[PDB]
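>>> sequence plus experimental coordinates follow:
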Amino acid sequence: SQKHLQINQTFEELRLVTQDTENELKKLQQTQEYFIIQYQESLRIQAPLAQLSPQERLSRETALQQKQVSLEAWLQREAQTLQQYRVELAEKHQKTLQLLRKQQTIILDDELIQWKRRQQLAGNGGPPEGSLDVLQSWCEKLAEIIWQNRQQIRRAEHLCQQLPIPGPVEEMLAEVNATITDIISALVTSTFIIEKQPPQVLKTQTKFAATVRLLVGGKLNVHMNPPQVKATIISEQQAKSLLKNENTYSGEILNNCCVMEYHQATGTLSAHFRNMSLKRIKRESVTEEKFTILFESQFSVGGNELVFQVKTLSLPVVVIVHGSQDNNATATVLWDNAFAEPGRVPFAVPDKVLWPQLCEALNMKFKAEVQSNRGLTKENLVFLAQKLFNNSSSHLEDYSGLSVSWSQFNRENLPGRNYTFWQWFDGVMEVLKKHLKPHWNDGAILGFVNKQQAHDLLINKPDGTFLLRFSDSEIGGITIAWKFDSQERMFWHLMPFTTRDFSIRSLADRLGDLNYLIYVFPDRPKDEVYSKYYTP
């Protein structure tokens, strides 16, 4: 709300200029209305009497001729100054439209794109996009202003019809009116946006919902006949070709389609699809290929033949065969939302991406999935960097460059056999989501440490001190590294704990069973950490 004031200041300026231009047009109408009555006086005086003496007739005729030439000189002057006023009106309307064009481009091409990008990022666990009531109010002011100016210009056109003065004013009005229709088309087509987009990575037969909105709908007389909006699922090639306006239905049948509703209190025109269900799908990989939900409608503005065909595209959606593949499919979505270009041709993502750029997305989605504000720290980030690029470095700035190809992210296996770097990271995400979210928030799980790295870090600690790291041995497991003096002369080796283990006994109970483990990493004792989570 710092440089939002810039927008509202420009809006007050626009309001003032349209108001004073309307006042100018009122004065011009009064001027013309008086001019035509004086011109009718000239018509009555035009061309002229009954029987009189030749002495009085000369006087009468010369007085009438005087009145006639005077009235002609008065009319030519009045017409001239009237035309001056008219061209001034056209000039002021032009100026207002130019600045309104700048403002509309500011809102539609920047702020709306910013909000849509907020939405895009929220799909990866980022901050929520927020409410469009600010953008809705802005678009209401835009529509109000431009429609009022259209009314003023058409009124000037009608006024020019009744008393035509040659000049260059008709071309000015024609040029300005075309600009008006162009602006209206841009506004109406650009403010048909998906408020809550439908949740990507969806299976067939499952009910999902999305909500689309018309930001300008409150006014502009679209609400008078709330149009029907139809949703249909189309492939990526279909979306690409449609944006180029081809013709082709690329993803079989969709269950629903609905009509818009207007909340007078909220003052919003929106379409709520609460019960859509995907029942069939046409169909490189069974899971990488992305689709999109297309919403389209058509509506009229007031009493005009002006009909707008509008369409909008959801951000890319992936269709899952069965839950087994779902864990992988989100990876695809993760890249798109993370790395979609601003003016991208539909669903085109870079294959390169630098490491810190991927780090920001991984960290964001991690804090989202584990439902905590702990998140990824620098040491964790170096751990995953050493995991991805087999490279001997323990400083983050050494990995400040480096490009993570999509393949090495999710297609090429690591030096192990884990389903690429993404599967291991999604595995730790899932194990902490379903089982160990509280222990992650509490700080008991260091996790992002290595066996030897956990070792030398843990040697000096007193006997009985443990720490839990995420196993590179198994995908979804965590292992324990412990401190005892005899240790190596003893046997004792434990298997990593996975979801299967955690389902029957749970982590706190497993640690309770092991009496020889008594301190969490630094000085924290076991009971202090796990007392509330032990099973009474």
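Yes, it's here. Numbering: from 1, shown residues only.

>>> check the burial of residue 346 by counting its neighbours.
Using other Cβ atoms under 10 Å, residue 346 has 20 other residues around it. C-betas here are computed from N, CA, C, even on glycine.

>>> verify the stated contact: residue 274 with residue 209.
Yes - with contacts counted by Cβ atoms under 8 Å, residue 274 reaches residue 209, the gap being 4.5 Å.

>>> can you map out the helices along the stretch 101-250 of the chain?
In the stretch 101-250 of the chain, the helices defined using DSSP state H, counting those that start in this stretch lie at 112-122, 133-162, 169-190, 236-243.

>>> flag every buried residue along the third one.
The neighbour-count check on helix 169-190 (16 or more other Cβ atoms under 10 Å) flags 169, 172, 173, 176, 177, 179, 180, 183, 184, 187, 188, 190 as buried.

>>> how about the first one: what's its closest non-neighbour residue?
If I follow you right, that is residue 169. Once flanking residues are discounted, residue 169 sits nearest to residue 86: 5.1 Å by Cβ to Cβ, 6 or more residues apart in numbering.

>>> just the third one next, same as before
Closest residue to residue 173 apart from its sequence neighbours, by Cβ to Cβ, 6+ apart: residue 157 at 5.8 Å.

>>> separation between the one you found and residue 97?
Distance, residue 157 to residue 97, by Cβ to Cβ, to the nearest Å: 15 Å.

>>> neighbour count for those two, which is higher?
Per other Cβ under 10 Å, whichever of residue 157 and residue 97 has more neighbours is residue 97, with 22 against 14.

>>> I'd assumed residue 149 was in contact with that one.
Yes - using Cβ under 8 Å, residue 97 is in contact with residue 149, at 6.8 Å.

>>> which residues are common contacts for the two?
In terms of Cβ atoms under 8 Å, 6 or more residues apart in numbering, residue 97 and residue 149 are both contacted by the residues residue 180.

>>> what helix or strand is residue 62 on?
Using DSSP states H and E, residue 62 sits in helix 54-106.

>>> just how off-centre is that helix within its chain?
For helix 54-106, the distance from its own C-alpha centre to the chain's C-alpha centre is 51 Å (Cα atoms, centre = their mean, to the nearest Å).

>>> residues in contact with residue 496?
Listed by Cβ under 8 Å, 6+ apart, the contact set of residue 496 reads 471, 473, 474, 477, 478, 479.

>>> which residues touch the first one?
Residues touching residue 471, when contacts are defined by Cβ under 8 Å, 6+ apart, comprise 477, 478, 479, 496.

>>> same thing but at 6 Å, please
With contact taken as Cβ atoms under 6 Å, 6 or more residues apart in numbering, residue 471 is in contact with 477, 479, 496.

>>> for the fifth one, same thing?
Counting by Cβ under 6 Å, 6+ apart, residue 478 touches 468, 470, 497.

>>> the second one touches residue 427, doesn't it?
Spelled out, that is residue 470. No - with contacts counted by Cβ atoms under 6 Å, residue 470 stays clear of residue 427, the gap being 8.4 Å.

>>> strands of the stretch 351-500 of the chain, residue ranges please.
465-470, 478-482 (DSSP state E, counting those that start in this stretch).

>>> just give the nearest non-adjacent residue to the residue nearest the centre of the chain, would you?
In the chain, the C-alpha nearest the mean C-alpha coordinate belongs to residue 116, at 1.0 Å (Cα atoms, centre = their mean). Using Cβ to Cβ, 6+ apart and skipping the chain neighbours, the partner closest in space to residue 116 is residue 193 (7.0 Å).

>>> overlap in contacts of residue 274 and residue 209?
Joint contacts of residue 274 and residue 209 (Cβ under 6 Å, 6+ apart) do not exist.

>>> ok, back up a step: just put the contacts of residue 478 in JSON lines and tack on distance to residue 458 and neighbour count.
Shown next, in JSON lines, are the contacts of residue 478 (distance: Cβ to Cβ, whole Å; neighbours: other Cβ atoms under 10 Å):
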{"residue": "468", "distance to residue 458": "11", "neighbour count": "22"}
{"residue": "470", "distance to residue 458": "16", "neighbour count": "26"}
{"residue": "497", "distance to residue 458": "18", "neighbour count": "24"}
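
>>> what comes up buried for stretch 358-368?
Those would be 358, 359, 361, 362, 363, 364, 365, 366, 367, 368, for stretch 358-368 by 16+ other Cβ under 10 Å.

>>> distance to residue 262 added to the residues you listed, as TSV?
Shown next, in TSV, are the buried residues of stretch 358-368 (distance: Cβ to Cβ, whole Å):
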residue	distance to residue 262
358	44
359	45
361	38
362	42
363	41
364	36
365	37
366	41
367	38
368	34
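
>>> so of the residues you listed, which ones are in helices?
358, 359, 361, 362, 363, 364, 365, 366, 367, 368 (DSSP state H).
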